[PDB]
Structures are given as structure tokens and as C-alpha cells.
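Only one chain is given next, in C-alpha cells, and it is the form deposited in one PDB entry.
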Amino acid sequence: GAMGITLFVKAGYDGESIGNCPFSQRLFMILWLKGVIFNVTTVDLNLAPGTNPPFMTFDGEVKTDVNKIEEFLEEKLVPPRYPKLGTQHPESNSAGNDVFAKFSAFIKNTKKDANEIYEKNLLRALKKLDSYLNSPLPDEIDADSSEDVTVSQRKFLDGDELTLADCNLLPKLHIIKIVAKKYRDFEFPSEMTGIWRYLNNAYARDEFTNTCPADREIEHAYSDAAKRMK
């Protein structure tokens, strides 16, 4: 029978390479971090007609919905052969969960008179995430620091290891960073040092950097943001 895992992802514009999709990147990262053998098939145009292309076969069985695939992988790939990637702190699963939605409304808005509201809503969401990244978690200890630790030095959302929460959020933050810069000259504010520490830590991980689609894929996917504000 069909055995193993195949992840089907959106193809880029060349019809063969990885295209823009935060959901595909999320699953790519999970499978990488699991240490499981898998292949990635790009989709270039028993599964329903026109199902949206981030899906997976597991021993031949088709699995849909990015959230359900995550839950299935975390439940089927377990120690000792595969690590658990679930978070230890429940707040890690909700931190910044509105950021991508607010960015989407900001970047898709056409009316200039509404930009201040959408941009401020984005900044408010980012502030909340930055606060979580900079506030030490309760169990956090800096064993090597004689001084008191007021700004968290942990690498990622939940601690020093990448978890499912990072696989969800990091692809979205990567899109925001590329698109908002290209089309709005908008950047994560310099005072949000938690977001910037987090991104610097993440871009130093092969599992994040080498699952990012090319910048031009992401910029092309959002090419409608180059239109004038009416």
C-alpha cells in the first residue's frame, strides 16, 4: 500500500517550486521538526474537487484542513521516534493569534481614510505579541545571570525549542515583514524588541529559513497592494 507522508503544497509561479502559503510552510516546518521521512509535492493545476492545495496523505489516506493535519501529526508522530512539539504554556497558543488577520485587513484596505484605523489595529496586535515575547515566562530562569532578568531571553514563543505555536505564527510574520515593507514601507517598530529578538532567533533556524518561499513569490502573491489608495 501507499506508505508514509506526502505533503501537497501550493506551487509557485514557475509551476514547480514552493509558492506563497503560510499554511503549507507551517506543515513543512512541523514535518521537518518531527524528524519524519516525508516528501513535498507542489500542486500546479478520494479528494473533493478543487480542495485547497495544502493537504497530506498518510499511508495513502487523505487529510485536509491545516489545523486538523497539525493535530493528526502531533498525535501520530510521538516519542521515542519523534518529538512532541506541543506547547507547555497555553498562552503561547494564543499570543499574536490576531496579527495575521489584522495585517490582512490593513494590506487589503483600499480607502486612505481608513488606513489609520487598520494600521493602529495591526500595531495594537503586534504590541500584545511583543509584550508576550519580552515578558519572562513563569518557569523561566536565567541560570547564568547574576543580575535580575526583566526581559525574557528565551528563544521562541514557548521556551528555547520551536513548537507548533512557532510553526503557525512564524510563516505569517514572515509574510507581513516582506509584504508590508514592499508595498507600504511598514516595518515592525524598532521598540518591539521582543518581536525582533524572536525573528532573529527564528531566521537562524534552518527549519524556518529554508521553508520560506522566495521573496518574489510572496510579493507577487500580494501584488494588488501596489494599487493606489482611493
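Residues carry their position along the shown sequence, with the first being 1. Heads up, when I say rigid core I mean the largest set of C-alphas that superpose within 1.5 Å between the two forms.
Here the subject shifts to the form deposited in another entry, a form of this protein not shown in this document.
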* Asked: Which listed residue, 142, 139, 113, 160, is the one whose CA shifts 2 angstroms or more between this form and the one not shown with the rigid core aligned?
  -> 142
* **Closer or farther in the other form, the Cα atoms of residue 131 and residue 146, when the shift from this form is 3 Å or more** => closer
* To do: Tell me whether residue 149 and residue 124 end up closer or farther apart in the other form, going by their C-alpha atoms; the shift is 3 Å or more.
  => closer
